[PDB]
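Asks: What follows is model01.pdb, made up of PDB, C-alpha atoms:
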ATOM      1  CA  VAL A   1      78.279  -1.618   7.167  1.00  0.00           C
ATOM      2  CA  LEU A   2      75.683  -2.125   9.905  1.00  0.00           C
ATOM      3  CA  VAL A   3      72.412  -0.170   9.920  1.00  0.00           C
ATOM      4  CA  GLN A   4      69.860  -0.436  12.729  1.00  0.00           C
ATOM      5  CA  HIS A   5      66.599   1.506  12.776  1.00  0.00           C
ATOM      6  CA  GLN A   6      64.358   2.242  15.768  1.00  0.00           C
ATOM      7  CA  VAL A   7      60.631   1.976  16.554  1.00  0.00           C
ATOM      8  CA  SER A   8      58.610   5.122  15.948  1.00  0.00           C
ATOM      9  CA  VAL A   9      57.151   6.731  19.064  1.00  0.00           C
ATOM     10  CA  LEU A  10      54.178   8.457  17.382  1.00  0.00           C
ATOM     11  CA  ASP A  11      51.945   5.457  16.629  1.00  0.00           C
ATOM     12  CA  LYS A  12      48.630   4.368  18.138  1.00  0.00           C
ATOM     13  CA  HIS A  13      48.009   0.817  19.366  1.00  0.00           C
ATOM     14  CA  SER A  14      44.534  -0.709  19.648  1.00  0.00           C
ATOM     15  CA  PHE A  15      43.081  -4.073  20.660  1.00  0.00           C
ATOM     16  CA  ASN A  16      40.512  -5.942  18.569  1.00  0.00           C
ATOM     17  CA  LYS A  17      38.144  -8.488  20.086  1.00  0.00           C
ATOM     18  CA  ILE A  18      38.081 -12.124  18.964  1.00  0.00           C
ATOM     19  CA  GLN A  19      35.381 -14.246  20.590  1.00  0.00           C
ATOM     20  CA  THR A  20      36.845 -17.456  22.020  1.00  0.00           C
ATOM     21  CA  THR A  21      36.174 -19.790  24.923  1.00  0.00           C
ATOM     22  CA  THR A  22      39.956 -19.944  25.491  1.00  0.00           C
ATOM     23  CA  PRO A  23      41.254 -16.398  24.972  1.00  0.00           C
ATOM     24  CA  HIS A  24      44.505 -17.347  26.703  1.00  0.00           C
ATOM     25  CA  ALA A  25      45.577 -19.838  24.036  1.00  0.00           C
ATOM     26  CA  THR A  26      44.325 -17.622  21.198  1.00  0.00           C
ATOM     27  CA  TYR A  27      45.696 -14.224  22.230  1.00  0.00           C
ATOM     28  CA  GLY A  28      48.733 -15.500  24.123  1.00  0.00           C
ATOM     29  CA  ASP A  29      50.715 -13.073  26.290  1.00  0.00           C
ATOM     30  CA  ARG A  30      52.343 -10.376  24.138  1.00  0.00           C
ATOM     31  CA  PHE A  31      51.759  -8.888  20.695  1.00  0.00           C
ATOM     32  CA  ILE A  32      54.100  -7.807  17.900  1.00  0.00           C
ATOM     33  CA  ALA A  33      53.964  -4.012  17.942  1.00  0.00           C
ATOM     34  CA  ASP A  34      56.785  -2.898  15.641  1.00  0.00           C
ATOM     35  CA  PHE A  35      59.555  -4.657  13.745  1.00  0.00           C
ATOM     36  CA  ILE A  36      63.149  -3.635  14.400  1.00  0.00           C
ATOM     37  CA  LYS A  37      64.640  -3.086  10.951  1.00  0.00           C
ATOM     38  CA  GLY A  38      68.219  -2.908   9.750  1.00  0.00           C
ATOM     39  CA  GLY A  39      70.775  -3.895   7.134  1.00  0.00           C
ATOM     40  CA  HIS A  40      74.190  -5.394   6.574  1.00  0.00           C
ATOM     41  CA  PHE A  41      77.131  -5.224   4.190  1.00  0.00           C
ATOM     42  CA  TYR A  42      80.250  -7.336   3.766  1.00  0.00           C
ATOM     43  CA  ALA A  43      82.763  -7.063   0.935  1.00  0.00           C
ATOM     44  CA  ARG A  44      86.172  -8.545   0.147  1.00  0.00           C
ATOM     45  CA  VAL A  45      88.341  -7.752  -2.874  1.00  0.00           C
ATOM     46  CA  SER A  46      91.548  -9.718  -3.459  1.00  0.00           C
ATOM     47  CA  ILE A  47      93.395  -8.350  -6.494  1.00  0.00           C
ATOM     48  CA  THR A  48      96.418 -10.652  -7.061  1.00  0.00           C
ATOM     49  CA  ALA A  49      99.822  -9.542  -8.466  1.00  0.00           C
TER      50      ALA A  49
ATOM     51  CA  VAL B   1     -14.584 -17.051  29.221  1.00  0.00           C
ATOM     52  CA  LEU B   2     -11.216 -18.575  28.303  1.00  0.00           C
ATOM     53  CA  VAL B   3      -9.185 -17.265  25.358  1.00  0.00           C
ATOM     54  CA  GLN B   4      -5.926 -18.866  24.223  1.00  0.00           C
ATOM     55  CA  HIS B   5      -3.887 -17.590  21.287  1.00  0.00           C
ATOM     56  CA  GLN B   6      -1.218 -19.453  19.306  1.00  0.00           C
ATOM     57  CA  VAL B   7       2.336 -18.734  18.113  1.00  0.00           C
ATOM     58  CA  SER B   8       2.623 -17.308  14.615  1.00  0.00           C
ATOM     59  CA  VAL B   9       4.327 -19.566  12.082  1.00  0.00           C
ATOM     60  CA  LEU B  10       5.602 -16.816   9.748  1.00  0.00           C
ATOM     61  CA  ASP B  11       8.411 -15.333  11.860  1.00  0.00           C
ATOM     62  CA  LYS B  12      12.187 -15.461  11.441  1.00  0.00           C
ATOM     63  CA  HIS B  13      14.528 -16.444  14.280  1.00  0.00           C
ATOM     64  CA  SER B  14      18.183 -15.392  14.422  1.00  0.00           C
ATOM     65  CA  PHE B  15      21.084 -15.848  16.836  1.00  0.00           C
ATOM     66  CA  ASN B  16      23.272 -12.971  18.022  1.00  0.00           C
ATOM     67  CA  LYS B  17      26.812 -13.514  19.275  1.00  0.00           C
ATOM     68  CA  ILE B  18      27.664 -12.433  22.875  1.00  0.00           C
ATOM     69  CA  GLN B  19      31.036 -12.376  24.772  1.00  0.00           C
ATOM     70  CA  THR B  20      31.812 -15.115  27.355  1.00  0.00           C
ATOM     71  CA  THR B  21      34.577 -17.696  27.838  1.00  0.00           C
ATOM     72  CA  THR B  22      31.694 -19.584  29.495  1.00  0.00           C
ATOM     73  CA  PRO B  23      28.946 -19.431  26.795  1.00  0.00           C
ATOM     74  CA  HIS B  24      27.148 -22.314  28.504  1.00  0.00           C
ATOM     75  CA  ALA B  25      26.274 -20.341  31.636  1.00  0.00           C
ATOM     76  CA  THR B  26      25.487 -17.183  29.651  1.00  0.00           C
ATOM     77  CA  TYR B  27      23.356 -18.575  26.823  1.00  0.00           C
ATOM     78  CA  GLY B  28      21.925 -21.535  28.730  1.00  0.00           C
ATOM     79  CA  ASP B  29      20.047 -24.237  26.812  1.00  0.00           C
ATOM     80  CA  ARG B  30      16.858 -22.819  25.270  1.00  0.00           C
ATOM     81  CA  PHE B  31      15.575 -19.382  24.295  1.00  0.00           C
ATOM     82  CA  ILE B  32      12.183 -17.691  24.603  1.00  0.00           C
ATOM     83  CA  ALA B  33      10.835 -17.576  21.054  1.00  0.00           C
ATOM     84  CA  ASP B  34       7.194 -16.525  21.415  1.00  0.00           C
ATOM     85  CA  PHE B  35       4.856 -15.904  24.332  1.00  0.00           C
ATOM     86  CA  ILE B  36       1.623 -17.877  24.534  1.00  0.00           C
ATOM     87  CA  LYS B  37      -1.066 -15.268  25.148  1.00  0.00           C
ATOM     88  CA  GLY B  38      -4.604 -15.548  26.443  1.00  0.00           C
ATOM     89  CA  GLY B  39      -7.311 -14.161  28.699  1.00  0.00           C
ATOM     90  CA  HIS B  40      -9.834 -15.013  31.371  1.00  0.00           C
ATOM     91  CA  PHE B  41     -13.240 -13.957  32.657  1.00  0.00           C
ATOM     92  CA  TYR B  42     -15.223 -14.834  35.765  1.00  0.00           C
ATOM     93  CA  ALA B  43     -18.460 -13.198  36.883  1.00  0.00           C
ATOM     94  CA  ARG B  44     -21.063 -13.839  39.576  1.00  0.00           C
ATOM     95  CA  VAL B  45     -24.276 -11.879  40.128  1.00  0.00           C
ATOM     96  CA  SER B  46     -26.448 -12.639  43.161  1.00  0.00           C
ATOM     97  CA  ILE B  47     -29.614 -10.527  43.075  1.00  0.00           C
ATOM     98  CA  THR B  48     -31.492 -11.242  46.349  1.00  0.00           C
ATOM     99  CA  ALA B  49     -35.316 -11.243  46.762  1.00  0.00           C
TER     100      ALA B  49
END
For the file at hand, write its structure as structure tokens.
Replies:
Amino acid sequence: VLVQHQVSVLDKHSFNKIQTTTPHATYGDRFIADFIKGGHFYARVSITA
Amino acid sequence: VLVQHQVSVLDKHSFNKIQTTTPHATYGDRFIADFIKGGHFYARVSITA
């Protein structure tokens, strides 16, 4: 069983200010907006004679 | 008449944080704490005969 969610489209994203002399190395390039969630299942039964 | 004041010794000095990746060129080296105040007078009367 494989379950994969999606990212909600009705959220608001904002940017908070951190004071740094090197904002490039602190902020980086991209931020983590939403986490793709899911699940997994795997079963095996072996009933012998 | 020359009048020269002094700088009060019972004041509090604080530092506020501003935004610049180049704080050196924004803040500089030294700040203007108190202004030395004073005054001046100069008179001449020439009453002729």
Asks: Which residues are near residue 6 of chain A? Cut-off 10 Å, all atoms listed in the file, ignore same chain within fewer than 5 positions. Put them as an MDAnalysis selection string.
Replies: chainID A and resid 34:38
Asks: How would you write, as a ChimeraX atom specification, the residues chosen by the ChimeraX specification (/A :<7) & /B on this structure?
Replies: /B:19-22
Asks: List as a JSON list (two decimals) with C-alpha atoms, in the coordinates of the input the residues having at least one atom at most 9 Å from position (80.0, -0.9, 8.9) as given in the file, counting only C-alpha atoms.
Replies:
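Dumped everything to point-v7.json:
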[["chain", "number", "residue", "atom", "x", "y", "z"],
["A", 1, "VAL", "CA", 78.28, -1.62, 7.17],
["A", 2, "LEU", "CA", 75.68, -2.12, 9.90],
["A", 3, "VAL", "CA", 72.41, -0.17, 9.92],
["A", 40, "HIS", "CA", 74.19, -5.39, 6.57],
["A", 41, "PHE", "CA", 77.13, -5.22, 4.19],
["A", 42, "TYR", "CA", 80.25, -7.34, 3.77]]
Asks: Once chain A sits on chain B after a least-squares Cα superposition, all atoms in order, what's the RMSD?
Replies: 0.2 Å
Asks: Provide the atom CA of residue 33 of chain B to atom CA of residue 4 of chain B distance in Å, to one decimal place.
Replies: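 Interatomic distance, atom CA of residue 33 of chain B to atom CA of residue 4 of chain B: 17.1 Å.
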Asks: Would you compute the distance between atom CA of residue 31 of chain B and atom CA of residue 14 of chain B? Give it in Å to one decimal.
Replies: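 It comes out at 11.0 Å.
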Asks: Quick check, in Å to one decimal: how far apart do atom CA of residue 25 of chain A and atom CA of residue 11 of chain A lie?
Replies: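 One can read the atom CA of residue 25 of chain A to atom CA of residue 11 of chain A distance as 27.1 Å.
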